[PDB]
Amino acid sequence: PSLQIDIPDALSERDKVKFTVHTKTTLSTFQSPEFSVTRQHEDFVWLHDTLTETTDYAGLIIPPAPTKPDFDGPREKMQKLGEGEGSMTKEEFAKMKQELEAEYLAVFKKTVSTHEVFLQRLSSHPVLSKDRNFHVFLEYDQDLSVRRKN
């Protein structure tokens, strides 16, 4: 209960999916008792691969990386839904928009779950929860793009 993480919300923008990573901790090894950051799916992938390529960690039961969420389908339907707004009736536009939202909702619930469980499993691991890069993932305010390139 010293390190608790959750994902209260998520966002699909273009081809990127952003997760809000919310952390409540009693550990003074973190600068703040409560904080939130924004992380893309790529950051989760980077976190996992960084742990596995740490030679000291080789052998540890490392939880599997969350798989890439698939929004290609819904994104296509949504935009093509959008073009036909003028042409489309004002009665079925909300019909299959609500059906589109439901399609997004199904994908979101699943991928948020996989991403959250991944982080929660890392928090309960006696070795991995103290990792420097895991710390950065949870606490570092700015975008991880540059630290993923160096």
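All residue numbers are counted from 1 along the displayed sequence.
Averaged over CA atoms, B-factors in the entry run higher in 138-146 than in the other of 18-26 and 138-146.
Higher mean CA B-factor, judged across 121-129 and 93-101 from the recorded values: 93-101.
For the set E116, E85, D49, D43, the maximum C-alpha B-factor listed in the entry falls on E85. When the CA B factors of the chain's modelled residues are split into thirds, the value for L81 lands in the highest one.
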